[PDB]
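All chains are identified by letter, namely A, B, C, D, E, F, G, H, I and J, in their written order; residue positions are counted from 1 within each chain.
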């Protein structure tokens, strides 16, 4: 992989995911969206082994959409993240494990709180104010540790995110072709089309 | 490695070399000059194993400077390239071989002709109108094969070089932090400070 | 590569006079990278406490598994499970994965509600029970904990004295382990009151 | 681990040390290695401790059901046959090395069994990392027609050899004596020659020494009425 | 770097009140083949030292020659070669220990485990071990290979610490050594019944006993042993 | 281990941690990762402790011989190159070194050379080496300016090591600070990370994720 | 291990040493390698002790069930059951078994079943690590239709030499005599056979 | 290969087979493994043919130069020269040599030098791949101070068995007799020794 | 072959009766009397050893059976059915409890397991 | 293949006081699960009021100590019987160790004595020569068991003054030689309980301005 960042601010969760898809020698695409909407107020970004990332994400999406229809009810971010964790925990002792790392950004409509969950391919779940997978955290966490506040606005979160991306673009050897940024709040999910 | 390109136009040789120095995880520098002036009208760019690249380049530089003083005479680009080739050919069957690939761009003052020599770490020398080392040629040679003319001006050579760098910046996974471009002609060696 | 030391962390349990104590650090990491400072490794099912070190996905999985099993136990038995019984359940559950084991180091701590007797126990990743009278240790700084506990421990400590002993055993062991620390919690357990204390420690 | 089994006049005695280790570290200083398959069939295990416990309890469980089914007291040869066939099936992957001893209506018996499923008969046997130290003592002092008292002495002396000379063995000596026409007597900590000396200093801390961020009561009780 | 070919097994030894005893069987094994049955692995140096060697026999024969050359060399221009300037056990050991460590440091070891037993000029007992790694140590009892595992436990019951040495007579020490050799014959698959035993005493000097045999063996109980479990 | 060094208006700031590990086992919390080559030259320790200590002490001997023979302070360029040429001779043998040779001369001004056991010799303004280098780089890159005051520069280097000490498991213990001037280096104390973290958290408002 | 079985006038005699090793350590010095699968059908075991014990136990079971249905099995039948197990499970077994038995119709018979699971009916057979050293001696000294005393001497002398040279062999020499008269166990101690 | 040397009343006799194999192919079926390093000091070679030939040639050179300076060397001296080469070059050699010689003072002597480069003076010695099968036979049948005819029969019978069981041994049995009378070569063909 | 009776042999009749269970209870009614009494410090269970023949050794027929060291059982009805239930009850006390919790099941839960086995013979094919 | 290294176990401990220093080590020597000796001295008086121990592979340890003692001897010959200072000894040992950088002495070396101001000094080395002056250092098998204890009981780490609740640290008051020996004895007693390679005996060498003194204590022999 590449770069999936998440930051939970006052009233929303922001997910930033790189656009590059590289198959060895060449960059085949520079506009790839590494995310799936699981429910109206729950977004999951992903990074890992080719093929398995999308297969896993769409499989989770289908299951949450099935639940939503059956019960006429949106599962809480916590419930969705637990379901996802179990699937990955099940997957590691499989014949061929999914090598997929995810961030789940959701807005809990019951508690009126944004929530960010970080889950790696082993099924290691942690709820965080900000998170990442791969080497992304190595470059960005020192900036987030310094500037982050729990009462940040969405705009301040995006500015702190820009600083993180700038540091990545400076010190990372790979060209990840920028990031697609999406915001999850009480009104649902929307994409920031200029970043 | 990185990106070392060379193009021989009508009246000059242009060498383009990347600025990045990456040590595994981090990009330690983004302004590195991967070249040495061997004589007033002979420039050598280089790429390969860390440490060996500069050690080899400076060793060659010292030897050519010694020759220049002893004879009060500048060796032709062809003579310099042959000396460099022999040193690399000697080096492969050594206890520990230099893993260094070079481009030698020189202006022959006797023949009034620019000359570009491509030599790999094995001591494989070829005189070319344009050349590269590593994966650089894979992306750039199709463009050079199409647009190159032997009667190109220096300005046209730089424009064709920009197109090559743009293609590299698009399709290469590594961020090589742009290139330093130097021109070798009858007046000597100069750096293009805006590229 | 070694699954038992990817995430890091430690658990220690001690017995005292009419009391037990169990404590853990709060770190979760991906080798060198610190990921979470709120990853508690002690869980409880009624009055029985279980600390688990090792691979974090298995720690979470086993907690969910023992919550599952102790909840069914209670519905059927019409009573909360005891530490001695739970210890055997942990041992049974681990050994059933003998050739595909959970990479964990569990520690049981609690007081028998009927006899009032303090109880602790430890296990290897496949269920071998270590039922020590004095103390049980587990994690990436287990050697350090063995050293601290062996010298600091004395029998029949009062609850408030046991707290200091176990806290110092944990803290100083964690400070000699790269993969442990980032906070700590100590449970002091008596027959009908349990106190939970978060310790202040260095965050490196 | 040091474990021995010794036949005598009217029965058999089994003994073991009490050190369990995690590599070079002593996990438990007073481990109980003498396990019960049935009231009068006891065994001691070396190797993978979880395997030796699991295999004893499984065969012990099936032995109990067999005893109930047949209305007969369990035999040592039954425990052995069941153990070896189980272990052989798992091709040594269950790392259980046991000395099995007991009395039954047939008489007194002493066997050893290895992880791959091979068994042996003997009057005196040793197992574990201290088996060579123990066997040196057994080969020096064993004789035919030992008394109960002589056999207990020989067994515990063989365990002591392991305790003092093998780094994998230590602490105390456990013994179990199985005599014909009698209840088996388990002698936990029969010898205690390794008590730790009093420390030079007390390490009891002053109260308030440890820094604390938060205190809170933990609700262990169920959901309350009213 | 090499592998041992023809090998000798355990060498065992212990201190007693007035001196030291050392013993080793007369076998030269070729893997599992008990090839050579008349190999002397105790090599006396003068009348105050006996060097017991286990492991590779070709290297043993080399060491044997070094010691023989050492005696020759010490006598050169030495009027007191048979008196004050005679070879001491401590001299002989330190020399061997130097050679062994040097050889392991060139990655070309003498594939041996050696015990130097003797009595010094002042009557002090000397007993020290050295092996292919150049590792050295001293103890009231010393043994190589299998002897380390089976003989030491038995010999340590006689002399458990330094203070037990003056309380141990030569009869008791020899008895313990001879018993240990019997136990090794029972239990070591690369051992033989025939062995040599040497006593170095500060009063009676060097007593070298050849062609000793393990006797008083217990085998009769084998007749009653049948099958491997259920056979009657 | 985490070491950094950066050039600025007032000279060079050198900042390091103090931790040494053998696997997960923390061997020391009090290691000196800055080697005082001489009163004017500093070297950082990363990779092989012995390799760095031994050869940078040796370097000081070579620098001393130079100024005896030439009656002039050795340049940072020349000092760094003596070390790089030495380790280049040993290339392949298994030396482990990642160091910043830091100095301030008349002809050069403040100068830093990254020298490495595979033969690399890089002049630069900012360098960060060690298992926690990425964390320190983040704080450095976002706050660095040439016109930093000596006080603010010292704090930046301290704060950047703290960032690494927090997140990197193999970095911590204490922070050692140095300020290199033309007239020589000046030591700016040992700072326990345990105490420093809480102090910085409160005064700065950073590390809101951590409970204190 | 040193094992052999020898046919003679009145029947067949099995012989074996009593040494069982784990590397150079003798784990058992009084092992009984002569095992009974039927009243007058015994076997000598070599190779993996776990494997040969497991096989022998299964064969004993098969011949017990055979006897209940069809009466006393032949030695050939017993060898076939051994072979079937050894051949079909050759990938997972390390077993070298000699089968010896006495019928009244066929008298003394010996079958050797080496590693592969092949069967070879022989006048006499030798096997185990120690057998290599006595191929020459046994070939030169074996005769058909020997007396009981001659056959005991032949086995005693042969195994004495095998024990002498093979470190993996030793202890006592056990023997089992199979004739019309019944089953006789013999044992010979070191002090007896070492001086031969 | 099957080789042996046996001392007897009048001196010593060396014996050997004639088979040299490259895997299962017999590269030479009439090889002469009894080699002369001095008039009455010969050797039997086993192991690498290149190594044992090279060693024997060097020894022959050393004893030729010895003789020119110091007169006839002893068998012990010849064995020492062999040992010196084998021991000091143990890492690069695969040689198992038996040295046999006749002095008038010392009479018949036999020294065996196995792989390690050790020396063992023996009444008789056996070596080579085929020797394993006749350890029992040779130990039981060897006597000291045999006659020439008895010793020839002993070697003939012993090597006959070694050849019978060892595929790496075969062909003819060559022998060299070393006595005061001189040096006698003997040869025995398959039709002779196979029927023994 | 194969057991081709995969369907229930006990079914509801129009009146809501499960005939086979009622008929099983009728078989129990014909059975010899057995009783149980609980005291403050113990429980007693008893029955008559109705010997089928005086030549039969009625000591070899155990109507009162140990299930666990602290649990016993007696019956009324068909003896062979009881015997196999005792075998199953003893085994289930180990497989579904002792091998999991390292202790014998409480009376009510062992009863629950026996009850489950008897229920399944009322619905299974 | 030949392995030129081995592990003889053992554990050593050096503590620097205000005007003294101690260097302790157990007297047990082992290979694998066997005991070679219950009393094989490991800490040595090297002259000039310096004590030394090289723990790990005993053959390398004996070689290094032997070479250092020899270096002390030649230092006197070459420099007019000048006393070798503890700092000068430390630097010298670095060069002994680094001289075998590519075939190391497989030992953890500790020396102890007094510095040139008469204060207690301990120096700690890795196998290839990197060294540092320290206040407290355990080496060998049970070093991980002992060091955390010493951090707590010598440097009073994680200990705060009652009532302040973490605001005021426990002050670092100087320890006497008697107090230090108690901590050494308790360190080895605890290490003996939980580490199989530690036991038999404890030999402590104490260094003051008056010279080098020895103390011996029994340890459990199991």
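We adopt the following convention: a contact is a pair of C-beta atoms (placed from the backbone, for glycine too) under 8 Å apart; a residue touches a chain by one contact, two chains touch by 3 or more.
Chain identities (UniProt): A, B = Proteasome subunit beta type-4; C = Proteasome subunit beta type-3; D = Proteasome subunit beta type-2; E = Proteasome subunit beta type-7; F = Proteasome subunit beta type-5; G, H = Proteasome subunit beta type-1; J = Proteasome subunit beta type-6.
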item	value
Chain labels contacting subunit E and also subunit H	G
If a chain touches subunit C and subunit I alike, it appears here	D
Chain pair that, of all pairs, has the most C-beta pairs in contact	C-D
Taking each chain's C-alpha mean as its centre, the one farthest from subunit G	B
For subunit C paired with subunit G, centre-to-centre distance based on mean C-alpha positions, whole Å	57
Euclidean distance of C-alpha centroids - subunit I vs subunit J, Å	73
Between subunit F and subunit G, centroid-to-centroid distance (C-alpha), Å	77
Interface hub residues of subunit F, defined as touching at least two other chains	25, 134, 137, 166-167, 207, 209, 211-212
For subunit J, residues that touch 2 or more chains besides their own	34-35, 144, 158-159, 166, 186, 193-194
Sequence positions of subunit E contacting 2 or more other chains	1-2, 33, 146, 149, 152, 186-187, 220-221, 225-228
Of all residues in subunit E, those that touch subunit J in their complex	1-2, 101, 104-105, 107, 109, 129, 133-139, 148-149, 152, 161-162
Residues of subunit A defined as touching subunit F within the complex	128-130, 135, 138-143, 145-150, 163, 167, 170-171
Subunit I partner contacts - residues on subunit C that touch it in the complex	76-77, 85, 87-89, 91-92
Residues of subunit H that touch subunit G when the two form their complex	132-140, 157-158, 161-162, 164-165
Subunit G residues within the subunit E interface of the complex	18-19, 21, 23-26, 29-32, 35-36, 49, 53, 129, 133, 164-168, 170-172, 174, 185, 187, 189-191, 194
